[PDB]
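*Asks:* Please find the sequence and an experimentally derived structure below.
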Amino acid sequence: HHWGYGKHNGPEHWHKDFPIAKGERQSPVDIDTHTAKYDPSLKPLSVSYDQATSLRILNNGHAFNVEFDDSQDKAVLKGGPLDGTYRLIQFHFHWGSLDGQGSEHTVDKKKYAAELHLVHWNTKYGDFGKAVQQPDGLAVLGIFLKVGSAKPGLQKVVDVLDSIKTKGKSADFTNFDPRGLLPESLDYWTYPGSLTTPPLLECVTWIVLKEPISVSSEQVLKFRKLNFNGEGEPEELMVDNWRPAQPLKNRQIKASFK
Ligand SMILES: Cc1cn([C@H]2C[C@H](n3cc(CNC(=O)Nc4cccc(S(N)(=O)=O)c4)nn3)[C@@H](CO)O2)c(=O)[nH]c1=O
Ligand SMILES: [Zn+2]
């Protein structure tokens, strides 16, 4: 009886196995755009993905991860609210059963159809597993998806999903360029938070871009054909794999822009 997104194992249950679910810096949150303060001291984000080396795509039973070689400074995030250098390890998405829901963060209570998380770890801690034990261990770049025009740079991901339909399946996934998933503007909100899935560790500097990317209805429909289940198990569509907004508590969301 493992955690998931069902009635008997979803977000409202997670606190029994993971009591930090009710902690002081949980994610995601609602971004109240009028309460966020412009912080003129925040630096432009530096996204350096030219040498990124994707390796594999994995259905892990809660999402799919596109994994990168993080054994060298090849795809890094720095600047913005960050001190030092954070290396890209994986990206994944959260999405809905319908276009009206699916994001984890919300903006003035608006839910987007999906949310992309580009996960990076602070190189001063040596590896991802040590980084997640630190309050500044991770930097997650969050990007909202809305349904409209297709995102051409997403299609290579969409077209491999048939090969990883079920939990535990992986496929080689080399030469994928994550620059093709970024919006034009790097304007962002930032706040201290957590992983949005168990173990819900309070180790993330969240950087949420204001500008969504557009994907087509056909692209998100292919996300919704994935399965939570393993092969030869009852089919349960991988949809609504998002945690709802958590209390802000004693936190301030800062804006990079006026
Ligand atoms: C000890 C050790 C552990 N590890 C990893 C595996 C282990 N783990 C992974 C999951 C699944 N949960 C997520 O992946 N959550 C998540 C991870 C990153 C971002 C986000 S999100 N949605 O907020 O963007 C969520 N459950 N447990 C995690 C902490 O225990 O550290 C390692 O790589 N090397 C090690 O030496
Ligand atoms: Zn995520």
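*Replies:* Arrived safely. Numbering: from 1, shown residues only. Ligands and ions are numbered 1, 2, ... in the order given.
*Asks:* State which one residue of the stretch 101-250 of the chain is found closest to ligand 1.
*Replies:* Distances from the stretch 101-250 of the chain to ligand 1, computed as Cβ to the nearest ligand atom, single out residue 129 as the nearest residue at 2.4 Å. (C-beta placed from N, C-alpha, C; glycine too.)
*Asks:* Which secondary structure elements does the helix or strand hosting that residue sit against?
*Replies:* Residue 129 is part of helix 128-131 when elements are defined by DSSP states H and E. Taking 3 or more Cβ pairs under 8 Å, 6 or more residues apart in numbering; DSSP states H and E as the contact definition, the neighbouring helices and strands of helix 128-131 are strand 114-122.
*Asks:* Walk me through which strands the strand it packs on pairs with, and which way each runs.
*Replies:* Here the strand partners of strand 114-122, with direction, are listed using DSSP bridges: strand 86-95 (antiparallel), strand 138-147 (antiparallel).
*Asks:* Give me every residue in the stretch 1-150 of the chain lying close to ligand 1.
*Replies:* With Cβ under 6 Å from any ligand atom as the criterion, the stretch 1-150 of the chain comes near ligand 1 at residues 117, 119, 128, 129, 132, 140.
*Asks:* what bridges to the last one?
*Replies:* Read it as residue 140. Per DSSP bridges, residues listed as beta-bridge partners of residue 140: residue 119, residue 206.
*Asks:* Could you look up the SS state of residue 5?
*Replies:* Here residue 5 is coil, with the state taken from DSSP: H, G, I helix; E, B strand; the rest coil.
*Asks:* got the contact list for the closest residue to it other than its chain neighbours?
*Replies:* When the adjacent residues along the chain are set aside, residue 5 lies closest to residue 241, with 5.2 Å between them (Cβ to Cβ, 6 or more residues apart in numbering). Residues in contact with residue 241, defined by Cβ atoms under 8 Å, 6 or more residues apart in numbering, are 5, 62, 63, 94, 95, 228.
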